[PDB]
């Protein structure tokens, strides 16, 4: 579970386009076991690659026809480990849209 450079995608709903920032985040492998004996008394969250520390940033997002280009603040991974995704800040899913998902036009 290193900490590698990926390519997130920031978008302006109003302008039908997206910009590509090259920020750094988490990814890699972690160890887990599927208990052969499952005690009814849950649980054991199981570890996973994620963030330990995340500093924020901001960037310039071009505007267009009828909107002034603005500022966008995005999280950046400081250090990665195999902890337990912090539900109080993270949407822990099996499969998400992906860091570079661009929904040019909402809905």
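Residue numbers count along the first chain shown, from 1.
Between 23-31 and 36-44, it is 36-44 that carries the larger average Cα temperature factor according to the deposited entry. Between the stretches 76-84 and 63-71, it is 63-71 that shows the larger average CA temperature factor. Sorting 97, 92, 10, 15 by the CA temperature factor given in the entry leaves 92 at the top. Among all modelled residues in this chain, the alpha-carbon of residue 107 has a temperature factor (C-alpha) in the highest third.
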